[PDB]
Amino acid sequence: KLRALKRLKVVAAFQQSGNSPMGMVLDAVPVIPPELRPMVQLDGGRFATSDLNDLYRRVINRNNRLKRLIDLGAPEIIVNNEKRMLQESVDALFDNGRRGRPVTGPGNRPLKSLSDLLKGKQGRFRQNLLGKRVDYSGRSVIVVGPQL
Amino acid sequence: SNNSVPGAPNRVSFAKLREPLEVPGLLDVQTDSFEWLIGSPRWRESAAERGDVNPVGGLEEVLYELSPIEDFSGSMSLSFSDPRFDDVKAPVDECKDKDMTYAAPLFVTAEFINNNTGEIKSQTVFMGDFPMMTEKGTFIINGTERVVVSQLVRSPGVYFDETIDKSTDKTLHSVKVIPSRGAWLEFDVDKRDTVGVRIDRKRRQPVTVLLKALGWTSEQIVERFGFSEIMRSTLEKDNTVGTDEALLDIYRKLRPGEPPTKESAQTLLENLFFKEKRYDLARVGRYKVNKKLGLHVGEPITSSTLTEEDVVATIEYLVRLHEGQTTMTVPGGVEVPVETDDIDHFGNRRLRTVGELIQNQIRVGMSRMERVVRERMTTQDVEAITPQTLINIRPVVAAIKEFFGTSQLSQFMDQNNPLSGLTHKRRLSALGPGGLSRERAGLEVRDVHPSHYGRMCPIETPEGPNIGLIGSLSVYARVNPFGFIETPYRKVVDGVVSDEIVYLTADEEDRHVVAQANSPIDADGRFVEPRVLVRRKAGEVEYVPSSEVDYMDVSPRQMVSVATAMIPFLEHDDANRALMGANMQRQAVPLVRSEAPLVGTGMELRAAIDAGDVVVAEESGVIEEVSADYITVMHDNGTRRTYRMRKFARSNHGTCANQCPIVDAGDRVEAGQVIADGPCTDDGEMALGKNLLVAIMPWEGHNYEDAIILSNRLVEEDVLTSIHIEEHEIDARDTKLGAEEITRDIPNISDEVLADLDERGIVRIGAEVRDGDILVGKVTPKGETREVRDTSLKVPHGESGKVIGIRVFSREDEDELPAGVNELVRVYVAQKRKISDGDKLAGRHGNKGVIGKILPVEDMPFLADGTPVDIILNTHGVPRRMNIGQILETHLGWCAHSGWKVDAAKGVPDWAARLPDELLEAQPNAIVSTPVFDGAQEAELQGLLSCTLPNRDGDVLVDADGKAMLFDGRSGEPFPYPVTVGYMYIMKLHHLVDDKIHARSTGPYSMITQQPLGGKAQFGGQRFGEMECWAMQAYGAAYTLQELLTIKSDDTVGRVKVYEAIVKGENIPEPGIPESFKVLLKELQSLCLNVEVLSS
Amino acid sequence: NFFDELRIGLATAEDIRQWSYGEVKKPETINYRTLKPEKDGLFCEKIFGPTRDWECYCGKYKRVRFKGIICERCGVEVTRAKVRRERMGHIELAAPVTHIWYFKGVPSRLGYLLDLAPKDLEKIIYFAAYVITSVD
Amino acid sequence: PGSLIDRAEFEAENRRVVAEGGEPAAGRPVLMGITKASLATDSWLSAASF
Amino acid sequence: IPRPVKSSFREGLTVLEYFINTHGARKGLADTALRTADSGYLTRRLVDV
Amino acid sequence: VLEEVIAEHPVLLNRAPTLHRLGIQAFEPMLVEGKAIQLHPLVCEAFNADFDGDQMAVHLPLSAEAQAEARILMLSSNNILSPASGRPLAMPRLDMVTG
DNA sequence: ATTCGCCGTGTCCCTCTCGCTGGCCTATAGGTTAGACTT
RNA sequence: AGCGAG
DNA sequence: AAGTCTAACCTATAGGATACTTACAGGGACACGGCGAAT
Ligand SMILES: [Zn+2]
């Protein structure tokens, strides 16, 4: 009964509403615009991008290689391997660490993925929406002002 | 006493007991360990004194362990030997100036040998520029100064821990074997009588499989154990038969997916545990397990890896512990008690010092070296290779370069004092690589385990999120070669306290029975009181018969670090206030006088001398030439030496590092004498602050809730004033559009602003500069849209002062610079920052407070003869803070300032009976000392106060109670009741307001989100976080919140429009939609979540 | 400001290509020397927008009067520099891929919808076992 | 059956279903925890940010 | 600790008694440090409910 | 001119952590010499502040609606009672009690 | 052997805020691009 | 990585 | 000065032939799965 109730919730979510489940499997993946994905030189003119560029680049690399491979015509083993690579890379892109291994850039640091910008404190919600730095402001140490 | 320092001031002491051992070389923990790493001859001599059997340094160790490298074939081999160090390439000062890393080239004899035919190839290979510890124990990396903080870790070994399960209320004992870079392995005894074999943390296994895997037959197991019910139960219920079957099961479990085979199984087991390639529990670990199990006699240790006998010893010990035997007598080994070790205890928590840390880094670098060379031998043909070809330094040096920079222990040297520098050394950092972290650090690992007594500072720890994780070494503490922290002890042998200072570890100290440091020794080594306070094995404190005692502490204050040991009257301060005071003694800024404290302890001298600031006579001699720049001394035999002085050198935290000579041309200097003062020293003693005349009354509320009132005298006379030196640097680079060049030819600008610049375009030395002024003119190739725009280094907002000095580096001078940098300029601007209201002051008792108001000298309380009080403290902070030690401090300080004379009309007063001679009389301003835990008793202090010599006339300002009659300087009538006045030592803390204040009206904005930046280094705002937003919602203030989150910070169109409205005076427009919300929307959309908006 | 609803929901591939102003093909970010975004790269101006206000790749358009016009040789729409912050890209996958959240998040919504199990789904999607689409 | 629904809409649904075929759903009060109460809200922004 | 301390801060604690008092001081500080975070989280949950 | 354009222009004083509603209070600013925000001692208990190095933040409300909110809703003198239980917070404490 | 009811174990999201300081080797066709004269 | 306020 | 007119440079593609074959905390909570009575 309990399993039926849970699965009924999941399916009736689609059934009652007009949202069909076909949108769960992705044929095209969106690309967050560039300024939310910076690429800026700094210090001695050394360019310093973000981590999403690496993840997007990995997805693109896997995709181009897969397209070529299908076009040339290869045994099912290699095309399956490339599809698996694309899958795990899209997973890392959308959510790094959620599956497989955390894709770690140089220094064995898990690269920030699009999901990471939501979870925890450092995410968007708790850091830049529910509290923001403000102009026309200042601070200093305080002292007792008894003549006030 | 004598002080044993050829130039120390005759600071009298209240000490009622003698110190059998003078304080060690407080920087011993660093210098001795690093010299062990290097293998210096002095370390060799010390080892010969203390273990001549096995004298071998750290580098020799890592080389021997690595060597001989062998390929899989084994037809050729490689080896290393004889690590030698050359002289340092550049002197310490030179490297600090020109950014060079003070280091020595390292050379090693590499030997490549062919085994198939027999050949040798000997070479002297260059293994990098090994950084070298300076004389003061600080490394110099890239000019900067850094300190490697000693780390604390859990010693590799065997740990039997017992836990009570609530499911059935039963005690189960589990062992845990910690190797150094090995594989984990646990034995558990669960609810049932099943002995676990969890290997690599995998789903539990029975015991019989492992024993059979090791070749132990069922008959062998049964006959070796004919008593233990649990294990016969396990044998019957193991439901597995055959060593081959056991290996099959082990391989299947440990190697899922692999087709099992018996030879592979045995080889894999041996490789995983017994072969010395992946299981290398270090010499410390082997020592620990041998002691815990008593397998071997105290023979030299070379079989670091584990052994079958060892694991069977652990199994039998564990099962017998479950049975509950008192002691275990292992087969063919020394018997030892059956006890459960505790992780926090210092008998099992080792001090991994600088030597071991750099050794580990070298070991990993050399391991990667070994990997790459073993790879190389396959590609290269034999007979066509030379040790030069085999060795590629890139791993090793990288490790070193990656360790000193960018590490959790190569901490940036913090020196705004000498004490801060000293105490940064001798610091035990429980957190770091291979250690615990803040998230996993519970309350259990942070407490003060009763074994800390003498091996750590129970009082001195940070207050932030590090309480107990970062302690300091005790004064007398010493480090065993194994990394344990020894403490000295005096051995009493049947009521005769002897003089053999024997160093004990935690375990040995627990074995014996140790008495307190202060006890009634009857001038002959015997005790008076029948029973004395005494420590037992687990830290318990009791009374024990006097004849039983066999160990006594060397002296009280053995259980306090350098910092805490300088707090006079520490025996009256609650531990929290003492903790805070010991913390802030590391924060006091160095003033321009630095008067010696009027009341202190014995540590004011040694600390200073060990800090290394004061120039010390290398050899005894006669002074010849004295000058502010340098001192030249005639040595006793012909030769001479010149000591060059660092004047106005910047400190790592912006304070000045002046050194001032204190000798004249004719003086004879003895070896080890103090020749020149440091930043905070005064004739050798540590002078962190000033003796100020303090009253303890609440004065008109200005000293309300910890606030401190100051006399304007301290500003007029310049009692408190620091010289904060800053460092501003700019570099001209080469770009595609052209080459940057600093010069006076700035773009359109008035002639009023080039006055300061000299012909080079940089500010003339000595020219005052203020906010908005130009330091180094610079014009940046403008290219396509003058051929150059404006990019001159302007001093940041709020800064000012004189230009101390200008340093220049030019490509034409063939000087080292980053690629593309035509020139580099460093400008020093120094400000003589005065004392200002809002700044923090504090004593040596954590009696902190800001300067609420600096009254004029006239309208302050004054004594009978018109002496204004230089400071006032609130009275409602002494009692509840439980730090009345400061009150006794200021009482003794008044007694020291005025001078006293005990009248021996009828013998000597009884209260002064214990008082030593030379304290019955003392001239005014006679500096004294009250050691930490034995010192000026209350009765002695009262008696001292009862007879103080009149200052000028027949008038004793302070009565016997320590309280005087203060005349209100604001109104004139006397305060109707007395006031507690005295001389208290207080210091200026490095929290000055000029570095704190900040405002913003429109500054830089981030680019991912258009919110304002954050930080004083930029303009930045102030984070209106979430709790503030809850406050605003609670008030109901909606428009204020809206504009605090929309137009002030985020609405990209809103900011310019509201600024325009304010400037032109129109109404403030309506806020829009936060940009950061748009960014959230775009991110969600880029996450394939169709998040749409509509209002209809 | 006229807000009433945030009706989040599953985004079908049709919507993904509906948002996209172009399609990034190659993983090329910025030129080695001239420091300019490539064509059909992850930053290509034609896809997202001009990196400089009132300019285009070949640069023949610089005035503001002909705003809202896309060049010929390089095909960059002449708009504000800030429009890059909003215009969004997309990439066409050669083979379909599963959204990580719905597949792996516990409980697996995909598995519950399709009556399948978590480890089983991990096996099929990551190419470890086959599944029958249908049979007559 | 067993899904948590706020009291007001529960009563409204009971009243509505009583009309046009009476099958009045009979529920029972439940004591939720604070965190679950925060999550089981009618707005997904607050729950998302919580 | 069943000793217990018998010396007043005015009279001046001996060495072992100070070492004993240190346990209480340190545990109080650590408890405060952690309880502040626990209180903050509870406050956030209450505000959100 | 500054001394004139500041009169009757409230500013919000805040002290992190803002544990309760009283953490933020609007005060009329008056010019002071030195470098430290002078704080009326009575409000200390509201802020939980003790002058031992505490730092506090000043925010400026701009819009006429915001300035009205500062003057009426959040002014210091309009908030003498704790929202918790009505116990006054801006009452003589510590030194004043002894006096 | 399946049903249903219990236990049992494994894998995962959360525990205050606000400041400050420092730190390989070519070969070739086609695309692309530098410089210069001019009316 | 270190530190200040609670 | 853009509009030609002239003269380079630079880079995606491609091409060369001993041999070499398996890397490198803790806590609460829920969901996926042991152990036992019943049909
Ligand atoms: Zn164009």
# chains A, B, ... in the order shown; residues from 1 in each chain; ligands from 1
>>> interface_residues(of="chain A", to="chain F", cutoff="7 Å", atoms="only C-alpha atoms", output="PyMOL selection string")
chain A and resi 136-146+148
>>> write_last_selection(atoms="N, CA, C and O atoms", output="PDB file, in the first residue's frame")
ATOM      1  N   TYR A 136      25.755  53.254   0.642  1.00  0.00           N
ATOM      2  CA  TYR A 136      25.384  54.263   1.622  1.00  0.00           C
ATOM      3  C   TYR A 136      25.407  53.658   3.021  1.00  0.00           C
ATOM      4  O   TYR A 136      24.413  53.643   3.747  1.00  0.00           O
ATOM      5  N   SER A 137      26.572  53.130   3.380  1.00  0.00           N
ATOM      6  CA  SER A 137      26.714  52.334   4.588  1.00  0.00           C
ATOM      7  C   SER A 137      28.152  52.425   5.068  1.00  0.00           C
ATOM      8  O   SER A 137      29.053  52.833   4.332  1.00  0.00           O
ATOM      9  N   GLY A 138      28.350  52.048   6.324  1.00  0.00           N
ATOM     10  CA  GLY A 138      29.682  52.046   6.899  1.00  0.00           C
ATOM     11  C   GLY A 138      29.652  51.321   8.222  1.00  0.00           C
ATOM     12  O   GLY A 138      28.623  50.791   8.638  1.00  0.00           O
ATOM     13  N   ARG A 139      30.800  51.300   8.891  1.00  0.00           N
ATOM     14  CA  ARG A 139      30.866  50.704  10.216  1.00  0.00           C
ATOM     15  C   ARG A 139      32.060  51.282  10.957  1.00  0.00           C
ATOM     16  O   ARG A 139      32.946  51.897  10.364  1.00  0.00           O
ATOM     17  N   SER A 140      32.066  51.076  12.270  1.00  0.00           N
ATOM     18  CA  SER A 140      33.202  51.482  13.090  1.00  0.00           C
ATOM     19  C   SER A 140      33.013  50.953  14.504  1.00  0.00           C
ATOM     20  O   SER A 140      31.943  50.459  14.865  1.00  0.00           O
ATOM     21  N   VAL A 141      34.081  51.056  15.297  1.00  0.00           N
ATOM     22  CA  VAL A 141      34.018  50.658  16.696  1.00  0.00           C
ATOM     23  C   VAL A 141      33.226  51.701  17.474  1.00  0.00           C
ATOM     24  O   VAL A 141      33.140  52.869  17.079  1.00  0.00           O
ATOM     25  N   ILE A 142      32.644  51.281  18.595  1.00  0.00           N
ATOM     26  CA  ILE A 142      31.677  52.097  19.318  1.00  0.00           C
ATOM     27  C   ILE A 142      32.210  52.445  20.699  1.00  0.00           C
ATOM     28  O   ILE A 142      32.993  51.701  21.297  1.00  0.00           O
ATOM     29  N   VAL A 143      31.770  53.596  21.204  1.00  0.00           N
ATOM     30  CA  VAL A 143      32.193  54.111  22.499  1.00  0.00           C
ATOM     31  C   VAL A 143      31.000  54.750  23.188  1.00  0.00           C
ATOM     32  O   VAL A 143      30.092  55.280  22.540  1.00  0.00           O
ATOM     33  N   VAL A 144      31.017  54.713  24.520  1.00  0.00           N
ATOM     34  CA  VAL A 144      29.886  55.201  25.302  1.00  0.00           C
ATOM     35  C   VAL A 144      29.797  56.718  25.202  1.00  0.00           C
ATOM     36  O   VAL A 144      30.804  57.431  25.290  1.00  0.00           O
ATOM     37  N   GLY A 145      28.577  57.215  25.020  1.00  0.00           N
ATOM     38  CA  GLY A 145      28.322  58.599  24.692  1.00  0.00           C
ATOM     39  C   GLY A 145      27.459  59.320  25.709  1.00  0.00           C
ATOM     40  O   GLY A 145      26.490  59.994  25.351  1.00  0.00           O
ATOM     41  N   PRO A 146      27.789  59.200  26.996  1.00  0.00           N
ATOM     42  CA  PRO A 146      26.808  59.549  28.040  1.00  0.00           C
ATOM     43  C   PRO A 146      26.245  60.956  27.936  1.00  0.00           C
ATOM     44  O   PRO A 146      25.133  61.188  28.423  1.00  0.00           O
ATOM     45  N   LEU A 148      25.168  62.125  25.287  1.00  0.00           N
ATOM     46  CA  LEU A 148      24.138  62.026  24.268  1.00  0.00           C
ATOM     47  C   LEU A 148      22.755  61.919  24.902  1.00  0.00           C
ATOM     48  O   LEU A 148      22.600  61.651  26.098  1.00  0.00           O
TER      49      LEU A 148
END
>>> select_by_dssp(residues="stretch 431-671 of chain B", states="strand (DSSP E)", output="MDAnalysis selection string")
chainID B and resid 470:472 478:479 485:492 497:504 514:515 531:535 541:545 551:552 599:600 621:626 630:635 640:644 660:661 668:669
>>> residues_around(residues="residue B:104", least_positions_apart="3", cutoff="12 Å", atoms="only C-alpha atoms (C1' of nucleotides)", output="list in words")
residues 38, 84, 85, 86, 87, 88, 89, 90, 91, 92, 95, 100, 101, 107, 126, 127, 128, 129, 130, 131, 132, 133, 134 and 140 of chain B
>>> write_last_selection(atoms="C-alpha atoms", output="PDB file, in the first residue's frame")
ATOM      1  CA  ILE B  38      69.619  18.318   8.017  1.00  0.00           C
ATOM      2  CA  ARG B  84      75.375  17.058   1.545  1.00  0.00           C
ATOM      3  CA  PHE B  85      74.480  20.740   1.813  1.00  0.00           C
ATOM      4  CA  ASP B  86      76.398  23.677   0.383  1.00  0.00           C
ATOM      5  CA  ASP B  87      76.778  27.121   1.903  1.00  0.00           C
ATOM      6  CA  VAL B  88      73.771  29.419   1.718  1.00  0.00           C
ATOM      7  CA  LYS B  89      73.687  31.233  -1.609  1.00  0.00           C
ATOM      8  CA  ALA B  90      72.794  34.670  -0.205  1.00  0.00           C
ATOM      9  CA  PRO B  91      72.773  36.109   3.326  1.00  0.00           C
ATOM     10  CA  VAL B  92      69.548  36.350   5.285  1.00  0.00           C
ATOM     11  CA  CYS B  95      67.271  37.324   0.516  1.00  0.00           C
ATOM     12  CA  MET B 100      65.237  35.593  -2.925  1.00  0.00           C
ATOM     13  CA  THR B 101      64.401  32.446  -0.958  1.00  0.00           C
ATOM     14  CA  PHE B 107      73.609  17.465  -3.468  1.00  0.00           C
ATOM     15  CA  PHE B 126      71.548  18.439  -7.721  1.00  0.00           C
ATOM     16  CA  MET B 127      68.298  17.838  -5.851  1.00  0.00           C
ATOM     17  CA  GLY B 128      66.999  21.407  -5.612  1.00  0.00           C
ATOM     18  CA  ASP B 129      67.393  24.515  -3.481  1.00  0.00           C
ATOM     19  CA  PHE B 130      66.442  23.201  -0.065  1.00  0.00           C
ATOM     20  CA  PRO B 131      65.113  26.045   2.132  1.00  0.00           C
ATOM     21  CA  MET B 132      67.164  26.511   5.280  1.00  0.00           C
ATOM     22  CA  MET B 133      65.976  27.461   8.750  1.00  0.00           C
ATOM     23  CA  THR B 134      67.428  30.809   9.752  1.00  0.00           C
ATOM     24  CA  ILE B 140      62.418  33.070   4.453  1.00  0.00           C
TER      25      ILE B 140
END
>>> residues_around(residues="residue G:8", least_positions_apart="2", cutoff="10 Å", atoms="only C-alpha atoms (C1' of nucleotides)", output="list in words")
residues 10 of chain G; 33, 34 and 35 of chain I
>>> interface_residues(of="chain C", to="chain D", cutoff="12 Å", atoms="only C-alpha atoms", output="JSON, numbers by chain")
{"C": [5, 6, 7, 8, 9]}
>>> residues_near_ligand(ligand="ligand 1", cutoff="9 Å", atoms="only C-alpha atoms (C1' of nucleotides) and all ligand atoms", output="ChimeraX atom specification")
/C:55-61,70-77
>>> residues_around(residues="stretch 87-92 of chain C", least_positions_apart="3", cutoff="9 Å", atoms="only C-alpha atoms (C1' of nucleotides)", output="list in words")
residues 27, 28, 29, 30, 31, 32, 33, 34, 60 and 63 of chain A; 1082, 1085 and 1086 of chain B; 16, 17, 19, 20, 21, 22, 23, 24, 25, 42, 47, 48, 49, 83, 84 and 95 of chain C
>>> select_by_dssp(residues="chain D", states="alpha helix (DSSP H)", output="VMD selection string")
chain D and resid 7 to 18 34 to 39 44 to 49
>>> residues_around(residues="residue C:81", least_positions_apart="5", cutoff="6 Å", atoms="only C-alpha atoms (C1' of nucleotides)", output="VMD selection string")
chain C and resid 50 to 53
